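Numbers restart at 1 for each chain; the letters A, B, ... are given by sequence-line order, proteins then strands. Computation of the quantities below employed the complete heavy-atom set of this structure, encompassing side-chain atoms and omitting hydrogens, waters and symmetry-equivalent molecules. Whatever order the structure lists them in is the order used to number ligands and atoms, beginning at 1.
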Amino acid sequence: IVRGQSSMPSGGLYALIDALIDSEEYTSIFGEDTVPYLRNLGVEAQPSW
Amino acid sequence: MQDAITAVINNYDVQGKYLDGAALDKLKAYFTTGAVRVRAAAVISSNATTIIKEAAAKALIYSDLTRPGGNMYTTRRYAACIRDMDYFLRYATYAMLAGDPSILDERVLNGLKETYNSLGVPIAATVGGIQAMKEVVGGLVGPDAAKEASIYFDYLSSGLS
Amino acid sequence: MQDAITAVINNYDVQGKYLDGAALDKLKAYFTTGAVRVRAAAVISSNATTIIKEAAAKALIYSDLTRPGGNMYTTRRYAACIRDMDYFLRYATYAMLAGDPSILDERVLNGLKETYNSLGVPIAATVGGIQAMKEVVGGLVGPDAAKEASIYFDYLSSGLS
Amino acid sequence: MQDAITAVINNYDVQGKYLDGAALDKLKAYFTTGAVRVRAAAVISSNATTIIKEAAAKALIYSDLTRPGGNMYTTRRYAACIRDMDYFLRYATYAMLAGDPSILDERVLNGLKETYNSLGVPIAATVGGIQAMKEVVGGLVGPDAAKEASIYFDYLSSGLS
Amino acid sequence: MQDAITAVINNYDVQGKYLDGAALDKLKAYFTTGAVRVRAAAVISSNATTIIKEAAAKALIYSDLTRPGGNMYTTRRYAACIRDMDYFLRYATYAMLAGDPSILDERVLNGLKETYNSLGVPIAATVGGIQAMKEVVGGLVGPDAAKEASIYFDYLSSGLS
Amino acid sequence: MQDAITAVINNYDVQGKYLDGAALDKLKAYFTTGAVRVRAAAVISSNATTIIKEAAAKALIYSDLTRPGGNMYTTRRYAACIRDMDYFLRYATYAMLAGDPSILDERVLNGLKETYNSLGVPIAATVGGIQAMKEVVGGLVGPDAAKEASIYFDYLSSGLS
Amino acid sequence: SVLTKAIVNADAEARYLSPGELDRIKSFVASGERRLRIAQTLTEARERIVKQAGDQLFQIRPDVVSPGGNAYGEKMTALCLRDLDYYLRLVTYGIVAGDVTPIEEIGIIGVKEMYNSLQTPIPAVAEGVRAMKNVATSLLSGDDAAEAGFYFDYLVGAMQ
Amino acid sequence: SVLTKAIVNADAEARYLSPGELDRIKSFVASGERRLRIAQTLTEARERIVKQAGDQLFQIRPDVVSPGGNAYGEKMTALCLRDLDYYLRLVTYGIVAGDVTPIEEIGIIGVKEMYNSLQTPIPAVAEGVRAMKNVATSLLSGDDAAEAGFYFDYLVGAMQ
Amino acid sequence: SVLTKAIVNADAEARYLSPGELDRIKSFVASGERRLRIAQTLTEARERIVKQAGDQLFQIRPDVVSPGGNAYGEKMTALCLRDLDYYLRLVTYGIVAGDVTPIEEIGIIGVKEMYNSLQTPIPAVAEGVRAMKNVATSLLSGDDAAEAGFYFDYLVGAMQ
Amino acid sequence: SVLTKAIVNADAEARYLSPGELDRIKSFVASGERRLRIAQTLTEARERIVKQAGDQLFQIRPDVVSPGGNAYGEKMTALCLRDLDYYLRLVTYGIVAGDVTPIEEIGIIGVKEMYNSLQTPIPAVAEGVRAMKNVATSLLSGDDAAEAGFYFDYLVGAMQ
Amino acid sequence: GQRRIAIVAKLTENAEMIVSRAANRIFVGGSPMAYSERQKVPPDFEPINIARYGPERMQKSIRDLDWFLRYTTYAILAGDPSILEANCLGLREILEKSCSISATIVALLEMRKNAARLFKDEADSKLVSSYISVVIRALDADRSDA
Ligand SMILES: CCC1=C(C)/C(=C/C2=NC(=C\c3[nH]c(/C=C4\NC(=O)[C@H](C)[C@H]4CC)c(C)c3CCC(=O)O)/C(CCC(=O)O)=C2C)NC1=O
Ligand SMILES: CCC1=C(C)/C(=C/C2=NC(=C\c3[nH]c(/C=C4\NC(=O)[C@H](C)[C@H]4CC)c(C)c3CCC(=O)O)/C(CCC(=O)O)=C2C)NC1=O
Ligand SMILES: CCC1=C(C)/C(=C/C2=NC(=C\c3[nH]c(/C=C4\NC(=O)[C@H](C)[C@H]4CC)c(C)c3CCC(=O)O)/C(CCC(=O)O)=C2C)NC1=O
Ligand SMILES: CCC1=C(C)/C(=C/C2=NC(=C\c3[nH]c(/C=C4\NC(=O)[C@H](C)[C@H]4CC)c(C)c3CCC(=O)O)/C(CCC(=O)O)=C2C)NC1=O
Ligand SMILES: CCC1=C(C)/C(=C/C2=NC(=C\c3[nH]c(/C=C4\NC(=O)[C@H](C)[C@H]4CC)c(C)c3CCC(=O)O)/C(CCC(=O)O)=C2C)NC1=O
Ligand SMILES: CCC1=C(C)/C(=C/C2=NC(=C\c3[nH]c(/C=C4\NC(=O)[C@H](C)[C@H]4CC)c(C)c3CCC(=O)O)/C(CCC(=O)O)=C2C)NC1=O
Ligand SMILES: CCC1=C(C)/C(=C/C2=NC(=C\c3[nH]c(/C=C4\NC(=O)[C@H](C)[C@H]4CC)c(C)c3CCC(=O)O)/C(CCC(=O)O)=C2C)NC1=O
Ligand SMILES: CCC1=C(C)/C(=C/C2=NC(=C\c3[nH]c(/C=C4\NC(=O)[C@H](C)[C@H]4CC)c(C)c3CCC(=O)O)/C(CCC(=O)O)=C2C)NC1=O
């Protein structure tokens with residue numbers, strides 16, 4: 001990326017974290033107010049691959 | 001995933017070859033069967049639910065499988081089983097449209113054998129559920145499409161056993 | 001490997017300590033249960049084959065496991081499975097005599113989970129085969145020894161899961 | 001996880017049995033000890049910190065373990081160790097309320113032996129930390145509850161060794 | 001390994017199915033091409049050495065590969081390379097007789113990609129050596145057998161890339 | 001990770017020793033080479049792109065690797081490969097500044113050998129890409145720093161083989 | 001098959017098939033339709049062969065369906081004939097393959113250890129297997145009955 | 001292809017192919033025969049297209065074949081036309097599938113990074129592609145020339 | 001160290017070190033010999049420093065060494081000075097590293113939980129550290145005494 | 001132990017333990033209480049046994065504490081008694097287990113190579129052990145003194 | 001605890017009666033109860049025991065009644081209805097092609113009433129009706145379900 005404001009922009013670690021968090025999928029299931037939880041066996045349809 | 005056509009393109013791309021006569025003949029062999037694949041998919045899709053019901057009736061229910069101690073005992077597990085059946089039917093319809101089984105490996109078979117071993121899901125009984133849906137499908141789609149639909153059900157079932 | 005007694009000796013050796021009161025109390029707690037361990041081993045050894053037979057009958061056979069598509073289908077694989085069962089029984093009998101599970105790690109569990117994943121061997125089904133042999137063992141050995149035999153079967157089974 | 005009331009149901013469900021007289025007797029044997037389990041949990045919870053402190057004092061600190069070269073040297077590792085201790089105490093309190101050790105397997109023992117081998121965490125020393133907390137617990141909870149609390153500490157400690 | 005006749009049996013055995021109409025049709029599709037496979041194998045076997053010579057001449061030698069710094073420099077390595085070529089030709093002839101590529105996986109491809117990476121053996125150059133032998137083979141065996149021989153050379157070459 | 005200085009601190013901390021003469025001598029041996037490490041890093045950083053281009057030109061491209069069938073064929077894979085090269089260069093520059101290879105293990109080598117085996121990435125070819133960047137680096141940084149930069153490139157390359 | 005057994009020899013010596021090897025594949029495949037007919041006839045009469053085999057067996061050795069017998073009872077008997085059904089199936093496989101590879105991996109390698117564990121009396125089982133030959137052979141022409149008979153006698157041989 | 005961009009899209013919502021979605025799977029099928037034919041025609045004249053593209057390129061940008069130019073010299077020019085041969089090939093692939101798909105994975109994703117490393121001037125590669133459009137397009141009927149032209153302009157677009 | 005801290009920030013943002021980061025490594029390493037001298041002096045007087053901190057502590061808090069005090073008694077006092085010896089050691093480590101990474105992992109992260117368990121009054125441990133600052137600082141030149149003092153005040157800060 | 005030895009022989013044969021080796025264990029369990037007691041008694045007088053062993057040794061072999069002797073000097077003698085303390089400890093371990101087992105791994109396998117390097121005269125180490133037997137044996141009842149004596153004579157044997 | 005086990009005893013002890021009362025009440029034209037392998041609204045438009053159902057259709061319909069009863073005893077021991085709503089939540093659709101949904105409710109209605117005669121309604125007579133209410137409630141609507 002580069003450093004933009006105070007910095008830590010498109011980081012390595014920093015970029016990865018925004019990318020996750022700003023994803024479509026993230027803000028759908030847990031969008032906005034909920035803390036993330038394991039979507040394991042009981043909760044959703046699990047992939048078998 | 002890949003279909004008939006991209007199977008050929010990627011096989012030539014790795015050699016960096018323009019498509020030659022042998023390639024062009026393969027692609028023709030796909031295009032020439034294409035209209036029939038479409039008609040067959042429309043029959044399967046629109047009879048989806050009836051195919052599952054007739055396949056379950058011939059190969060799963062009225063049995064120890066649906067009784068206490070059986071893996072499709074409980075409304076929960078009965079629902080999971082016919083849910084699975086719908087996956088198989090639906091994906092086999094994709095494979096047959098694509099004219100390539102690669103999607104059945106990527107999105108259905110990978111890890112499924114062990115997943116079923118881990119839950120206790122009876123493999124042999126599931127294969128019969130696949131080969132019963134094939135039987136029904138082959139009646140509904142007719143001479144034109146019977147053999148072509150059938151193979152991807154057979155792909156599915158030798159993928160588990 | 002180590003047993004109760006060498007577990008204590010090596011724990012003190014690394015500190016270069018002569019055995020003290022706490023150590024001596026531990027060793028007593030082993031010696032005082034020793035005669036009972038021996039009697040229990042003689043029951044298991046002499047009923048070995050019957051324990052496997054009754055454990056398989058309650059937890060493995062008469063099932064999809066023994067049918068085509070199942071992992072203990074074929075005389076080859078049925079033989080391999082009850083061969084395994086004999087290992088488990090035999091080593092658990094060693095662990096219980098030693099009063100230490102370390103041998104179950106060194107010579108049985110190490111790499112076994114992945115070995116079973118690589119061959120396709122159903123883990124959950126194998127655990128039931130272990131916990132069925134425990135059930136039989138606990139009847140045969142009696143009040144004296146039941147809890148002590150049982151734990152090393154439980155060690156084995158949480159080692160796979 | 002499962003508890004005594006739940007285990008009776010799932011143990012019968014797999015046989016498709018109504019609860020019968022033998023089942024009903026087991027459940028009574030749980031209900032009849034229930035009030036005592038609750039009182040014992042309230043003592044443990046409210047003395048949690050003191051139990052860890054007295055258990056560490058009798059079985060861990062003032063030793064080579066807390067000195068340079070020892071696994072509970074550094075404030076980091078001392079904190080991790082008494083953190084662990086709190087887990088054990090807390091879960092044993094769950095197991096004893098449930099009247100079933102299954103939670104100790106599912107959420108505490110599974111993989112823990114090897115986790116400790118991989119980090120270098122001394123197993124024998126951890127068991128003494130468990131059996132010291134049991135000693136303290138058995139004083140605090142009284143005649144009513146002493147034996148029942150004790151067993152799930154003993155379950156924990158033979159799960160590691 | 002497996003062949004078309006054998007594969008049909010094991011694919012059905014895992015489902016516990018008698019051979020049925022679909023199975024019997026597959027086996028016919030093999031038997032009906034069988035005599036042609038045999039004739040083709042006798043041409044390849046008896047022209048083995050000439051096929052390698054013409055394939056090397058079109059795709060390997062007269063190049064940097066055979067010059068100092070090249071992987072088929074030294075009589076040692078030149079010998080190893082055309083030795084390999086003979087393996088490929090010979091096994092492809094087995095696969096084509098069997099009408100199944102499974103032997104090419106079990107006894108030729110497994111680990112070979114990494115073996116070549118570890119020695120420095122040029123993969124792309126080896127594929128050209130495979131596809132040149134195919135070219136020669138397809139001339140020698142004629143219309144009857146050309147497509148059927150060709151596929152197992154193509155199996156080999158997409159197995160490396 | 002650790003550097004020269006924290007390598008010493010942690011080696012003494014586990015013994016609970018204040019730094020003694022031997023320790024103080026080691027740290028001096030680092031500090032006394034420190035200014036030279038900094039200058040060398042500024043040369044590498046500011047010539048990063050040219051080092052990769054000259055290293056690829058001597059050891060990777062103009063070859064079967066970049067041709068169809070080769071692992072750095074396709075703009076995708078060519079990009080991935082020189083991306084990797086930049087990692088190596090950048091981390092080796094970290095290791096050399098720190099005067100400790102521990103970061104090369106923690107953040108680069110761990111699992112990388114098998115990752116490359118799993119994707120098919122040619123190991124020997126990657127090592128040559130490392131030892132070519134070293135060659136270029138040793139020219140650019142001069143007498144002062146040549147040996148010190150070089151060792152962490154050599155650490156990287158014996159970490160893969 | 002003949003193919004599996006033979007190609008294996010080719011690959012192991014790093015070579016194409018011999019004239020001999022090619023000849024036997026040709027003679028073998030020519031004998032295909034007949035072998036398929038032999039399997040069909042026997043598949044078509046499987047229930048009869050098993051049942052009549054089972055009567056022939058229990059006369060020649062009944063004790064197995066008696067108080068202290070391994071096959072005593074209705075569901076301990078439902079399993080003994082099922083095993084006889086298994087072996088007839090494997091015999092049809094062998095006949096169409098022209099050798100035992102399949103028969104062997106599926107039902108003789110490990111069979112001593114399996115049956116010793118179950119304490120099914122194995123040697124009674126050989127006689128039971130032999131009875132099926134007698135029934136099956138009475139539904140086949142002389143020439144086809146012999147060709148079938150080799151595979152029955154193999155299983156009888158392997159057991160013991 | 002058009003298919004890939006399509007069966008995978010009606011599987012991200014777990015459903016069967018929509019009745020309108022099996023119609024893009026219809027135009028393409030009819031188009032494919034014509035599409036296959038155009039690719040074959042392009043393949044036939046490949047050597048002429050590349051060579052004449054290469055002349056058209058070096059007139060328009062003589063700087064790349066000059067002292068400080070990426071393609072300066074006989075073998076720096078040989079590799080340059082080989083790259084032009086690569087892209088024409090990918091253009092035939094794109095046309096036949098009906099969707100660009102594979103060409104992207106084969107020759108644009110990563111292309112900036114590849115050529116930046118080699119120090120190749122990207123925009124003059126885009127010119128080499130325009131030059132190929134001009135030649136190829138003169139060997140095709142008006143209708144087929146347009147259909148081909150979209151794929152040439154895509155590559156020109158992606159190198160940007 | 002200063003090195004570890006600079007690098008970790010570099011790697012986490014996927015980049016080479018900044019001019020700033022390079023400058024501080026340079027200034028830091030220039031102070032190497034001086035920092036080593038500061039650690040030596042304090043290592044050389046460790047036994048004296050611990051005792052004078054311990055006297056300063058027990059005057060200011062005679063209660064800790066009183067009936068209901070955590071350090072009441074001869075061996076509850078012996079362990080208390082040993083802890084004071086521990087922290088002086090960590091302070092010498094910090095001074096030669098030029099930051100707290102080592103000091104922190106070894107003796108502040110987890111220290112609240114450790115001492116709460118032992119029921120040690122944390123703020124009087126902070127006083128014991130101030131007492132050591134006072135003694136240690138009287139054995140160092142003005143400039144070196146300040147440089148040392150920052151690390152003492154850090155520990156005092158972290159126990160808070 | 002006796003347990004380890006019995007089991008290892010059992011497992012090597014891959015069959016459950018016998019009668020004849022499931023006895024010895026019973027004897028050992030009864031013996032172990034007595035065995036544990038003897039070790040405790042030996043542990044109580046360790047300093048006296050070592051010191052008096054050390055006097056008995058240097059009278060019998062004054063050459064080791066002489067100009068060209070391995071144990072010449074106050075330390076070189078201090079380390080020598082420490083080694084005598086090591087072996088007495090291992091002897092208590094051996095007695096308690098009922099089998100020598102761990103002592104072998106701890107202090108005889110490799111002992112020739114260790115002491116040859118240090119240039120220690122092995123046979124005078126064997127004498128130091130006899131000297132300890134004499135002292136230890138005078139603090140035990142006749143029956144317990146013999147049981148202890150076997151383990152002393154083993155070590156004496158292994159240094160040979 | 002102790003109640004629930006006693007309450008569950010009673011239901012188990014004379015389980016058949018409760019079932020026979022239902023079985024008899026919807027199946028007219030024979031003895032439904034002979035079939036059950038233990039012995040080994042509108043609402044009715046009474047199925048006949050041999051005419052509309054057959055033997056095999058009848059056995060499924062009889063087992064369910066017995067099986068339906070069994071679940072409440074399991075349900076009773078645990079805190080809730082979870083083992084009943086979950087297996088009945090979409091039961092309507094599996095059953096409707098060959099079972100009259102509304103006919104089946106009357107056997108369930110009957111059972112709840114017939115189950116209660118056993119209790120002296122201290123609290124445990126309320127309970128049995130409460131559990132069996134779930135089967136009925138959660139079954140009908142047939143839009144809300146599944
Ligand atoms: C404990 C919660 C629970 C229930 C109740 C349950 C029922 C259930 N009923 C079934 C079928 C069936 N059930 C019935 C009949 C009836 N069912 C009734 O509850 C009525 C009393 C009667 C209609 C008046 C019939 C006729 C079939 C055959 C399916 C078909 O229509 O083909 C099946 C399919 C397998 C089978 O044939 O047994 C299940 C899984 N599963 C569960 O997990
Ligand atoms: C998109 C591709 C895909 C497939 C195919 C798939 C299968 C699949 N089947 C599952 C369970 C199951 N599958 C069945 C299937 C059956 N029961 C029987 O008795 C019959 C033999 C068989 C039906 C014919 C059952 C009963 C379960 C539930 C097991 C349990 O109770 O945990 C699960 C576990 C998670 C869940 O319960 O949903 C998966 C992932 N998942 C996928 O993502
Ligand atoms: C001394 C300690 C030790 C153990 C425990 C051990 C286990 C072990 N089990 C194996 C295979 C196997 N293990 C089983 C086991 C089972 N099949 C089932 O379906 C059941 C769930 C289960 C029996 C309860 C089977 C069927 C195979 C054969 C897999 C194959 O066909 O390759 C193999 C592969 C080599 C072989 O086939 O013998 C090993 C090494 N090996 C050892 O050295
Ligand atoms: C290097 C990181 C590190 C530190 C600092 C550390 C401290 C530490 N202090 C301890 C005890 C103690 N520490 C003190 C200290 C004090 N009493 C007071 O009132 C004063 C406030 C203070 C002296 C300034 C006392 C009195 C004990 C004994 C408490 C007891 O035994 O209950 C113990 C338990 C005894 C032992 O096993 O060593 C540890 C581990 N351990 C570590 O790994
Ligand atoms: C919820 C169930 C659960 C448990 C029980 C659990 C244990 C556990 N203990 C750990 C480490 C540890 N555990 C200890 C424990 C001890 N040190 C000693 O010397 C004593 C013998 C013993 C305390 C009595 C120590 C010191 C570490 C740190 C090891 C390290 O430095 O990496 C870790 C590694 C991750 C971490 O450091 O937090 C886990 C996961 N994790 C879980 O999720
Ligand atoms: C350093 C180890 C080494 C050797 C020796 C070597 C020899 C070698 N000799 C070759 C050809 C040849 N070599 C000869 C040699 C002879 N013709 C005769 O009749 C005489 C007996 C003999 C000359 C004394 C001939 C005639 C050819 C051409 C054969 C052909 O093209 O078919 C070739 C193939 C052409 C090429 O690509 O270079 C190689 C690799 N390669 C090596 O790496
Ligand atoms: C199919 C996807 C694909 C492409 C396109 C590809 C291109 C490619 N172009 C290369 C070089 C080159 N490519 C060019 C091309 C040009 N010079 C110019 O000035 C013009 C702008 C342009 C011609 C239009 C030149 C001059 C080189 C040599 C550069 C060097 O050697 O430094 C190389 C390195 C040589 C080699 O090992 O092959 C690759 C891999 N590789 C691929 O896998
Ligand atoms: C296809 C390869 C193959 C075979 C043959 C096979 C046989 C086999 N026979 C079995 C039992 C049995 N088999 C028999 C057979 C006999 N009793 C007698 O006395 C006679 C000698 C004989 C009949 C001719 C009996 C009586 C049992 C029941 C034994 C028991 O339950 O203890 C069982 C255990 C029950 C089960 O889970 O299925 C297996 C697996 N399994 C296989 O995978």
Regarding [X] and [Y], do their side chains bring together a donor and an acceptor under 3.5 Å, going by distance alone?
X         : Y         : value
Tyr116(B) : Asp84(B)  : yes
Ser157(C) : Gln131(C) : yes
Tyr73(C)  : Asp13(E)  : yes

At a 4.0 Å threshold, what atoms of ligand 8 neighbour a non-hydrogen atom of [X]?
X         : value
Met114(G) : 4 (C), 6 (C), 7 (C), 41 (N)
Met76(G)  : 26 (C), 31 (O)
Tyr87(G)  : 5 (C)
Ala71(G)  : 26 (C)
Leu118(G) : 10 (C), 11 (C), 33 (C)
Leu79(G)  : 28 (C)
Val64(G)  : 19 (O)
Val125(G) : 20 (C), 21 (C), 22 (C)

Would you say [X] and [Y] make side-chain contact, with heavy atoms under 4.5 Å?
X         : Y         : answer
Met133(C) : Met85(C)  : yes
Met111(K) : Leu108(K) : yes
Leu139(K) : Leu91(K)  : yes
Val108(C) : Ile103(C) : no

Looking only at distances, can you tell me whether any N or O atom of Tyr91(C), backbone or side chain, sits closer than 3.5 Å to an N or O atom of ligand 3? no
N/O to N/O below 3.5 Å, does that happen between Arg107(C) and ligand 3? no
Is there any N or O on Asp83(G) that sits under 3.5 Å from an N or O of ligand 8? yes
Does any N or O in the side chain of [X] come within less than 3.5 Å of the main-chain N or O of [Y], such that one atom is a donor and the other an acceptor?
X         : Y         : result
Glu106(E) : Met1(E)   : yes
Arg67(C)  : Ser63(C)  : yes
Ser117(G) : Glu113(G) : no

Considering only heavy atoms, does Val121(C) approach ligand 3 within less than 4.0 Å through its side chain, its backbone, both, or neither? side chain
Is there a heavy atom of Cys80(G) sitting under 4.0 angstrom from any atom of ligand 8? yes
Measuring from non-hydrogen atoms of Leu57(G) to any atom of ligand 8, is the shortest distance under 4.0 Å? yes
Residues forming a side-chain contact (heavy atoms from CB on, under 4.5 Å) with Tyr62(C), sequence neighbours excluded: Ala57(C), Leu79(G)
Which residues share a side-chain hydrogen bond (donor to acceptor under 3.5 Å, both in side chains) with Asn71(B), sequence neighbours left out: none
By side-chain hydrogen bond (donor to acceptor under 3.5 Å, both in side chains), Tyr87(G) pairs with (sequence neighbours left out) none
Are there any N/O pairs under 3.5 Å between ligand 1 and the protein, and if so, what are their distances?
| unit_1 | atom_1 | unit_2 | atom_2 | d |
| --- | --- | --- | --- | --- |
| ligand 1 | 13 (N) | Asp64(K) | OD2 | 3.2 |
| ligand 1 | 17 (N) | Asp64(K) | OD2 | 2.4 |
| ligand 1 | 19 (O) | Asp64(K) | OD2 | 3.3 |
| ligand 1 | 31 (O) | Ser98(K) | OG | 2.1 |
| ligand 1 | 32 (O) | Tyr62(B) | OH | 2.9 |
| ligand 1 | 37 (O) | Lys60(K) | NZ | 2.8 |
| ligand 1 | 38 (O) | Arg63(K) | NH1 | 3.1 |
| ligand 1 | 38 (O) | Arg63(K) | NH2 | 2.5 |
| ligand 1 | 43 (O) | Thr75(B) | N | 3.0 |
| ligand 1 | 43 (O) | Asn87(K) | OD1 | 2.9 |

May I ask you to establish whether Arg107(C) and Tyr94(C) are in a cation-pi arrangement, using a distance under 6.0 Å from NZ or CZ to the six-membered ring centre and at most 45° from the ring axis? no
Is it the side chain (CB and beyond), the backbone, both or neither of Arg82(G) that lies under 4.0 Å from ligand 8, heavy atoms counted? side chain
Location of contacts on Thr120(G) toward ligand 8, heavy atoms closer than 4.0 Å: side chain
Which of the numbered atoms in ligand 3 are under 4.0 angstrom from any heavy atom belonging to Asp84(C)? 7 (C), 8 (C), 9 (N), 13 (N), 14 (C), 15 (C)
